[PDB]
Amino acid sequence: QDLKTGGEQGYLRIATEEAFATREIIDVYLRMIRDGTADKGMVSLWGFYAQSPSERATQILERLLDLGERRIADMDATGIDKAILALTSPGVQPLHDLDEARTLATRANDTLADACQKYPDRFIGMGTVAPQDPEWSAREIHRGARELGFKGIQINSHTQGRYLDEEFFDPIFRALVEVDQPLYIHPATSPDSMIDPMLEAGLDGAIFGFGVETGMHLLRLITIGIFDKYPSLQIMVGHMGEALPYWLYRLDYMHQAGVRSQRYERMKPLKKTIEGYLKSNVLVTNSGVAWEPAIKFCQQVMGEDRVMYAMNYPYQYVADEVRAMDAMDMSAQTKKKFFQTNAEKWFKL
């Protein structure tokens, strides 16, 4: 079963959640780990990826750092026509020195824009920001859209234990709506306030902690009414929607029960059900979930227009996953939406 670029099978493969790193940023993580300012998540996640002697961690690091011929080759070998690229979690979000965070985010964005320019038919950019400074972040969203050819931004969930439902972060949403671009909420390790029981069992990372953190964050945003405030805003999440589609019946039941019993001041009546917001304002990718039953479930819940293919390169670079997706028992029209035309629509490619 051959994996070829060019769309001869009836669609292009557009991979919508693909990571890169910059040497300068990984070096800051290593410095933070050495000087004791790294949070427990950073020590766990980047203490491993930047310091494990294994062939595997080593290959992920090398692949993350390449934005040229090797990445193109890996894409060609798996039949990936286009990749939507974003700076790997947690970006500059954990950094205490804001001059450094803004400088390195600017440089990461510059580097990405240069790579997309060099490979305009293969690489598509999502910008990185420094939510610590929402006003600068808003300017960088405009710069991404205006000068850099970027299609949106990726935020790596929380910023130092603070979440985007806080009014403090509103300039970011204001800017996304001004440029009419989607937000990808990508996972991160939980903050120190929440991580301990997961970390002790080995569950703080992609196995579990990622989905908890990210699902929590998107749920918080839905329930604060972000989509009533910003009805045009689209938020994309990976990993088959961080379980929210499967939890949907219970989410809506318990959300309505809480509101009606006036349990939490924070939880106020919304204009739509959570189901309603999933169908109008949330977009999902299958990153890390090359599994047909889950994909089909999620298509049924959210609509086939709102579920997209993502590989999660280089953390999950598996040719047999692409093969299993190419071979799903799904109509030609639906498969082409999933691999290609959904992404083309929602990222305005």
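Start at 1 with the first residue shown and count on from there.
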*On average, are the C-alpha B-factors higher in 263-271 or in 160-168?*
263-271
_Mean C-alpha B-factor comparison - 339-347 and 1-9, higher one_ = 1-9
*Residue selected from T78, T214, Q93, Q234 by maximal Cα B factor*: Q234
*asked:* Given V307, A38, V301, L64, identify the residue with the highest C-alpha B factor in the PDB entry.
replied: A38
_Chain-wide C-alpha B factor ranking for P191, given as lowest, middle or highest third_ = middle
*asked:* Where does the C-alpha B-factor of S331 rank in its chain, lowest, middle or highest third?
replied: highest
_Third assignment of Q132 from its chain's C-alpha B-factors_ = middle
*asked:* Using only modelled residues of the chain, where does the Cα B factor of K151 rank: lowest third, middle third or highest third?
replied: lowest
*asked:* Where does the C-alpha B-factor of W291 rank in its chain, lowest, middle or highest third?
replied: lowest
